[PDB]
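Take a look at this one chain, the form deposited in one PDB entry, written out in structure tokens.
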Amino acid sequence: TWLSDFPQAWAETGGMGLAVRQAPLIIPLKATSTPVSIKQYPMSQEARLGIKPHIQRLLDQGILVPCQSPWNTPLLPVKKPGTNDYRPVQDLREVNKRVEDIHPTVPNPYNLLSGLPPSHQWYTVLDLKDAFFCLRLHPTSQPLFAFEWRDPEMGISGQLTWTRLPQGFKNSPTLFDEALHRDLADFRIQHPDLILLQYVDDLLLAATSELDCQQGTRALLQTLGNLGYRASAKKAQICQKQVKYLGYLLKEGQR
């Protein structure tokens, strides 16, 4: 039972993650940047009610906190399908434009897979849940991502902001990838015979045999949980000779 053996490693049973070994991130602004405060376009009650549960959960989790900031960006009413299903989506484009660029270090899937040797055909694929949220944001950089929030009655003071790396921020993917690489460096050293591919929050572990993959997967899950990351048990593909990774179906050494 992979589930009961690693309670801390799975998002379903280990609680929200927090990368304890990573220092809170400081987000450098471009040399000429000054705060921008964009007005929140009026949100319908339907949208507000749909978003409310998520905001409260994030507040309870400490991922969102009240604040007064010179920065402010819009929250928009999203619902891809059309019937119900709401989720808060922040338009951080004006913030992104004022943040210093960093080199794009995440490899494209095609090149990443070129590092998969035919000798290793036993795989385990894991995707980390709420990955960006596991990385803390330094208090100095938190004001940057503020947005407005309120309830027709006893609504929050005014603004709320993120204490963790947020969705919609241009550097989140790269910063997360680099952080996890730092945290998994030792694991790679302790398991020289295993192949570990990282694409932001999507991991592929490859071994030469089922046994090696089993032992390697136990070690990786143990390490991820200890570091504060959380993998999706529901979507995990453990020790299979056929797996779906980054849109590809890895089979018979193909793809």
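A residue's number is simply how far along the shown sequence it sits, counting from 1. Definition used throughout: the rigid core is the maximal C-alpha set that superposes within 1.5 Å between two forms.
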Practice task
Report, as yes or no, whether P81 is left without coordinates in at least one third of the other compared entries.
Solution key: yes
Exercise for the section: Could you check the entry and say whether 88-96 or 175-183 has the higher mean CA B-factor? Expected result: 88-96
Exercise for the section: Give the stretch, out of 196-204 and 212-220, with the larger mean C-alpha temperature factor in the deposited entry. Expected result: 212-220
Handout entry: Residue of maximum C-alpha B factor among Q190, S69, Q45, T34, per deposited coordinates
Key = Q190
Exercise for the section: Name the one of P74, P166, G82, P107 with the greatest CA B-factor according to the PDB entry. Expected result: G82
Practice task
Rank-wise, by C-alpha B-factor, drop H54 into the lowest, middle or highest third of its chain.
Solution key: middle
Handout entry: For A23, the third of its chain into which the C-alpha B factor falls
Key = lowest
Practice task
Can you work out whether the C-alpha temperature factor of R136 puts it in the lowest, middle or highest third of the chain?
Solution key: lowest
Exercise for the section: Looking at the entry's B-factor column for C-alpha atoms only, identify whether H120 ranks in the lowest, middle or highest third of its chain. Expected result: highest
Handout entry: Cα B factor band for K170 (lowest, middle or highest third within the chain)
Key = lowest
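Separately, the form deposited in another entry exists; it is not shown, and the next lines address it.
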Exercise for the section: Please check if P104 moves between the shown form and the other one, taking a CA shift of 2 Å or more relative to the superposed core as movement. Expected result: yes
Practice task
Using a rigid core alignment, state whether the CA of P139 is displaced by 2 Å or more between the shown form and the other one.
Solution key: no
Practice task
Note yes or no: does the Cα of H120 move by 2 Å or more between the shown form and the other one after the core is superposed?
Solution key: no
Handout entry: in the other form, whether the C-alpha atoms of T105 and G168 sit closer or farther than here (change of 3 Å or more)
Key = farther
Practice task
With a shift of at least 3 angstroms, figure out whether the C-alpha spacing between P107 and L246 grows or shrinks in the other form: closer or farther?
Solution key: farther
